[PDB]
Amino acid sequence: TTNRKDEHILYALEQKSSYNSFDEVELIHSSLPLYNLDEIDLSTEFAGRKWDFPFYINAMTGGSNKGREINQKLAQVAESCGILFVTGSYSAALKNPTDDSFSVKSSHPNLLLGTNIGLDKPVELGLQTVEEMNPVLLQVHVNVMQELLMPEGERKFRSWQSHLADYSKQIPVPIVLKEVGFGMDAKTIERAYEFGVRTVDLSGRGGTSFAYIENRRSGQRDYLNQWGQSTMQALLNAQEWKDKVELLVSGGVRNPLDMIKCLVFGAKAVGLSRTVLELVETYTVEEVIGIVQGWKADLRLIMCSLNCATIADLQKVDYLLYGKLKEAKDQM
């Protein structure tokens, strides 16, 4: 378990992306402005509350000493910046109750803390996770291709739909059905909606790939590294659901313009893993806090240049698609 956690960190950081669907989106700007920078509002709503900011640190780690170190650093960045921080899968702490790598709330009482568990875990373990972590939301992840590429992975999936119904019926905090970089498909969103799920994380291809990661671990099956749908394609494919389900978007988000692009297409908020992980591995925590504060300023200036005074206003922004996104749209 501990070695897998550290290999995930290692190989995620090693990965080099060669395609990012955000680069196939162009926004039509506004030459003549309407607003002052100081009036631009960054707030959004999802999972039963209003949030000051429209981006969050997405599920990564916990379950090893390196995970403990990373989680402490992420918790400090998140608390200081007033943003949501979701830990990696809590399963490691269920198997080893001595594990203190997820225990960041005690020292960070103002932290907005979410946590994460796999849909393969029975609802009893989800309940235990929520009871132990007291999170603001629970991500319930779906990672079929990752499990199948792992020698130690799950092989039976018949129970997952029944599990999802159980989580929806029993978990006392908001649940977010959570992809892991393969891009959540519309049929899955429909099924989740039917079970009562009202928030999803589309987490698509373009950034971290767990096919790449598990294939580095196994040394096999590289031909599957580009499995799934890109982040923008998953978001475009989900448009019919954008007002019935809260769409959180992640996967290859590098910068505030990528965030804005998600919001233009009706995302409620935008998650980052690799970008933030790399920052914490490269700079001091104080420096990372400065960068994240800078992201807020960048969001406001981009919105100002788009004549948008609120996050909701972004959905009115006109755009052009190119390349693969455009070719795919021709077929939809």
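All residue numbers refer to positions in the sequence shown, first residue = 1.
The question of which stretch, 115-123 or 215-223, has the higher mean Cα B factor is settled in favour of 215-223. When the mean C-alpha temperature factors of 162-170 and 96-104 are read from the deposited coordinates, 96-104 comes out higher. Across 150, 142, 83, 138, the greatest Cα temperature factor reported in the deposited entry is at 150. Per the PDB record, 283 has a higher Cα B-factor than any other of 283, 265, 51, 55. Among the modelled residues of the chain, residue 30 sits in the middle third by CA temperature factor in this PDB entry. Per-chain ranking of the deposited C-alpha B factor places residue 310 in the middle third. In this PDB entry, residue 204 carries a Cα temperature factor that places it within the lowest third of its chain's modelled residues. Remark: residue 210 belongs to the highest third of its chain, ranked by C-alpha B-factor as recorded.
In the deposited entry, the Cα temperature factor of residue 196 places it in the middle third of its chain's modelled residues.
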